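All heavy atoms count here, side chains included; hydrogens, waters and symmetry mates do not. Proteins get letters first, then strands, A, B, ... in listed order; numbering begins at 1 in each.
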Amino acid sequence: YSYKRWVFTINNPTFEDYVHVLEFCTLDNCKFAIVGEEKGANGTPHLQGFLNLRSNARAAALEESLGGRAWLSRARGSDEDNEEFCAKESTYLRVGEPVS
DNA sequence: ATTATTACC
């Protein structure tokens, strides 16, 4: 039950949430990663992203890697589907290139 | 696992 391709959301992200995302979402760990940040007026601020990991991870392990407050789900769309969705966010961090 | 109603297809 360990997988490479995941989506995640971190609602009301904390300092440590950002620190975990910044250290983990790197080319060392990911073939491709994209993480958007939205914190506008009438909604809960979030980090929201997609990870195509180099190594399989069990959900409990990825949860720890992302700071322990993340919602996780096995990715259902393609890397490019996720790139297009997350790149709509007003700020985003993009690591690597989508795999097809 | 986990905070939320946001979350790819």
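Atoms CZ (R58(A)) and P (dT2(B)) sit 14 Å apart, rounded to a whole Å. Regarding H20(A), its NE2 atom lies at a distance of 13 Å from the P atom of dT2(B), rounded to whole Å. Atom CG of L51(A) is separated from atom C1' of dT2(B) by 15 Å (rounded to the nearest Å). What separates CD of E89(A) from P of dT6(B) is a distance of 13 Å, to the nearest Å. Rounded to a whole Å, the CD atom of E38(A) is 20 Å from the P atom of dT3(B). A straight line from CG of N12(A) to P of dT3(B) spans 11 Å, rounded to a whole angstrom. For the pair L62(A) CG and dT2(B) P, the computed distance is 12 Å after rounding to whole Å. One can place CD of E84(A) at 11 Å from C1' of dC8(B), the figure rounded to the nearest angstrom.
For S78(A) against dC9(B), no side-chain N or O and base N or O form a donor-acceptor pair under 3.5 Å. With hydrogens and angles ignored, a donor-acceptor pair under 3.5 angstrom links the side chain of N11(A) to the base of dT6(B). Side-chain N/O atoms of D81(A) and base N/O atoms of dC8(B) include no donor-acceptor pair closer than 3.5 Å.
For the pair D79(A) and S100(A), the minimum side-chain heavy-atom distance is 4.5 Å or more. Residues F24(A) and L62(A) form a side-chain contact, since some pair of their non-hydrogen atoms from C-beta on lies under 4.5 Å apart. Taking 4.5 Å as the limit, every side-chain heavy atom of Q48(A) sits out of range of all side-chain heavy atoms of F8(A).
With both ends at atom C1', the span from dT6(B) to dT2(B) equals 12 Å, rounded to whole Å. Rounded to the nearest Å, the gap between the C1' atom of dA1(B) and that of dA7(B) is 14 Å.
A salt bridge does not link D28(A) to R54(A): none of the charged nitrogens lies less than 4.0 Å from a carboxylate oxygen. Between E83(A) and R94(A) there is a salt bridge, since at least one side-chain N of the basic residue sits less than 4.0 Å from a carboxylate O of the acidic one.
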Which dot-bracket string describes DNA chain B (Watson-Crick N1-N3 plus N6-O4 or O6-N4, or G-U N1-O2 and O6-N3, all under 3.5 Å; [ ] crossing; | other strand)? ..(...)..
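Of the candidates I34(A), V95(A), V99(A), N52(A) forms a side chain to side chain contact (heavy atoms under 4.5 Å, CB included) with just one, namely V99(A).
Relative to the side chain of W71(A), the nucleotides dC8(B), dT2(B), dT5(B) differ in distance, and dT2(B) lies closest. Between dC8(B), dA7(B), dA4(B), one nucleotide has an atom nearer to the side chain of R69(A) than all others, and that is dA4(B). Looking at the side chain of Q48(A), the nearest of the listed nucleotides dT6(B), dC8(B), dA4(B) is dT6(B). Distance from the side chain of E63(A) is smallest for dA1(B) among the nucleotides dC8(B), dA1(B), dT6(B).
Within 4.0 Å (heavy atoms only), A60(A) reaches sugar-phosphate atoms of the nucleic acid but no base atom. Residue contacts for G68(A): at a heavy-atom cut-off of 4.0 Å it reaches the sugar-phosphate backbone alone, with no base atom in range. Looking at heavy-atom distances under 4.0 Å, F85(A) makes contact with sugar-phosphate atoms alone, never a base.
Enclosure of atom CD in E64(A) is not indicated, since only 12 or fewer non-hydrogen atoms of other residues, nucleotides or ligands lie within 6.0 angstrom.
For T44(A) and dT5(B), the shortest distance from a side-chain N or O to OP1 or OP2 is below 4.0 Å.
For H46(A) and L72(A), each mapped to the nucleotide of DNA chain B holding its nearest heavy atom, the one lying further toward the 5' end belongs to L72(A). Projected onto DNA chain B by closest heavy-atom contact, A70(A) and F50(A) fall at different nucleotides, the more 5' of which corresponds to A70(A).
Here the closest heavy-atom approach between residue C86(A) and residue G49(A) is recorded as SG-CA, 3.9 Å.
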